[PDB]
Amino acid sequence: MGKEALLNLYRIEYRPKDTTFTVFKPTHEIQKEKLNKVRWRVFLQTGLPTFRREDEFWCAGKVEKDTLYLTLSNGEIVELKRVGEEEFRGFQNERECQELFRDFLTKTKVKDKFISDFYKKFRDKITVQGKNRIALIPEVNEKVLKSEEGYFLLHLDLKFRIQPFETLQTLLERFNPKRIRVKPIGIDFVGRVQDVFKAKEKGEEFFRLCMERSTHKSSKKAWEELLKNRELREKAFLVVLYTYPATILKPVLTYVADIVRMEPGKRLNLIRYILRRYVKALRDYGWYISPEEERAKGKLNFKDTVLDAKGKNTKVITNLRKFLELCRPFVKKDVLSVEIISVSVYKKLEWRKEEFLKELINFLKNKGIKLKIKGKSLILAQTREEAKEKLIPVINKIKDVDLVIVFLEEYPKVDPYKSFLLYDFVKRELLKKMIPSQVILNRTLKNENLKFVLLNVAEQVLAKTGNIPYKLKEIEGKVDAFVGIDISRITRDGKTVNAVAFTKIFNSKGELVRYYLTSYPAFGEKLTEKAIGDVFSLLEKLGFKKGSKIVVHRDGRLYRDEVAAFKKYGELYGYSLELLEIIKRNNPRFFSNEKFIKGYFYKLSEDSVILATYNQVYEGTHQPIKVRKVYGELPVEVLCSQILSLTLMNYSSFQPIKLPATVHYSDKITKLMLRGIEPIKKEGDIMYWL
């Protein structure tokens, strides 16, 4: 292994003295979705923390009423029949522990008492002035997880959200807004803005519907406003992130700036604090919460040896920088056409670009790739007219070449609400154009080593263009292919509308054998059956037959229906399958001084693992990911190790990458190809996304 690393996870336990709970079975059947509603109402009506088992509802206390009549939201009346009392013997799942634990936090108010005092004892400046018009909302969440071991773990994490004590309806009277993380007043969701329109435009019966389909005092009272008042209906704008009125939306802001919550050291000790109070508030009730953080079980070993088209491997030529200089690419597209876009402030002259270009073209010639230039496009600018001046070179003559190289200048700005920077801009615009791109910052050409950069690019470029410089010598375990898929669905009410699905198939050596990006407009909600289908269809049309081992990488979380479709077809094509979800959001965080923690892991219960897939060569707090084996006959250790190995296939060995080549830039593309009646039906064998 290496040197100790910590996780914001704390063993939690509930061994009360008074083990008596009152259970209540229903009269009819468990509407399940409503169950976790029915439990909440039981809490309120009963005033006792409660948790649900199958049908039974256990109340942390004595309740006398041989029947309870809780009234759900639908107004629906559910009757719970109080069965005898029970002697509590530990929770069964994490859900129980969590349900019951979150109640106490409420009946106790301890969390709010904290946010209360945090505000006072610190509002000393959680608010800033500035000349433009800033808060500091302290979001705090509690999760409960199990662990390979067997005990429960309280996942405590705190993050700060920054938004102006201003709203959107006010700003759309002063700028863009476009892609702006926003937040509805009485709602818990952060969306992005799309296109703001005038509210009058929607007649009147529009405001009727949604005004009833509201489940937020905010949304509701906000809709009613506009509905019973033609007066305002005109002067106010309706924003479409789902959609609400700009009068109940506050922009969530990202990182003049003299208010930073700083490094982890404190962060951990901050949660350490919050943990203490919690304890003090729930000790008298039988709750035991360990003061010691949880630590990585150990480091994982993965096959990390790559080789070129001649066999030269890194097991031998160990110096990666040297390797790249001697690698013999698995070239396939022998001649490349490329456009060169150049952004530069003032009427200057850049020999630096010319130097590099010549060195690149030549350095690639030495590898056997003639990089024939097609078009040069010089741009002068000093602001963000670049966006306004590049919005052309890009969506213009740039019509399929093999790559586009961009030399960017960086300007001192900051859009107070929207995220804008030529890097992200250029990149995203070329992603839609589905063209492989290499952004080279002029700041880098001026101060770095033209040689360490020449390499640094070459590797990126080669890959992006189907001339991968190397591939894995082998990966742990016998797998015939690694499939990575991401299905993203536009849901404007009801059950779906249309969707998009991106699939990438790599072989056993990590080579991208084929990708398939496609959208599915639909009638019935039978889009999964088809979507997943096309993947197997492509696996046979590729050369994989009965007996094949396929490891699949579901981007977000796997849905019951998708799992069945996989198992379903897998049966038809006779393929062996292992299913995996790879959660990249809201996971516990590692706290260490190791630096080389890549492979550091923590095993969770249901075959899940918390995996560090990258060396933290960036500040302090490391954000791992979660890997859960949904189905399959391979140890998670292997599946994890395979993921680590496949980290290498993003061909970026100087800038650490978190996700495996299989799901890297999926949500992004998938989330990105959801625009207009854009009908896409493309497959290729080039990792243009890199």
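Worth a mention:
- Against the list (1) part of a loop (DSSP other than H, G, I, E, B); (2) of a type in the set (D, E, K, R); (3) farther than 22 Å from residue 13 by Cα, the condition residue 54 fails is (3).
- Among the residues of the stretch 506-527, those identified as in contact with a strand residue (DSSP E or B) (Cβ under 6 Å, 6 or more places away or on another chain) and among the hydroxyl-bearing types (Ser, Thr, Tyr) are 515, 516, 518, 519, 520.
- Unique residue being part of a helix (DSSP H, G or I) and surrounded by fewer than 22 Cβ atoms within 10 Å (Cβ to Cβ) when the list is 671, 629: 671
- Members of the stretch 518-562 that are part of a helix (DSSP H, G or I) and buried (at least 19 other Cβ atoms within 10 Å of the Cβ): 527, 528, 531, 532, 535, 536, 539, 562
- Conditions (1) in contact with a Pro (Cβ under 9 Å, 6 or more places away or on another chain); (2) under 21 Å from residue 81 (Cα atoms); number of the one not met by residue 29: (1)
- Options 578, 571, 529, 540; residue that is touching a helix residue (DSSP H, G or I) at 6+ places or on another chain (Cβ under 6 Å) and farther than 21 Å from residue 614 by Cα: 529
- Tally of residues being crowded, with 16+ Cβ neighbours inside 10 Å and either among the charged types (D, E, K, R) or farther than 26 Å from residue 588 by Cβ (or both) across the stretch 136-160: 4
- Residue list for the stretch 376-400, restricted to those being surrounded by 18 or more Cβ atoms within 10 Å (Cβ to Cβ) and either farther than 16 Å from residue 347 by Cα or over 30 Å from the mean Cα position of the chain (by Cα) (or both): 377, 379, 381, 390, 393, 394, 398
- Residue that is nearest to residue 481 (Cα to Cα) [pool: residues in the stretch 513-532 that are within 25 Å of the chain's Cα centre (by Cα) and small (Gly, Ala, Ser)]: 531
- Scanning the stretch 263-276 for residues being of a type in the set (D, E, K, R) and exposed (fewer than 15 other Cβ atoms within 10 Å of the Cβ) gives a total of 3.
- Counting only residues that are in contact with a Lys or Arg (Cβ under 7 Å, 6 or more places away or on another chain) and surrounded by fewer than 18 Cβ atoms within 10 Å (Cβ to Cβ), the stretch 190-213 holds 3 of them.
- Among the residues listed as 84, 150, the single one being among the small types (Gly, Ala, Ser), outside any helix (DSSP H, G or I), assigned by CATH to the domain that holds residue 294 and more than 17 Å from residue 13 (Cβ to Cβ): 84
- For the condition surrounded by fewer than 16 Cβ atoms within 10 Å (Cβ to Cβ), assigned to a loop (DSSP other than H, G, I, E, B) and of a type in the set (A, V, I, L, M, F, W, C), residue 122 qualifies.
- Residue match in the stretch 446-467 (condition: at positive phi and part of a loop (DSSP other than H, G, I, E, B)): yes
What is reported rests on the model, the rules as stated and the sources as named; no laboratory instrument gave them. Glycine gets a Cβ as well: all are built from the backbone with ideal geometry, and neighbour counts include every protein chain shown.
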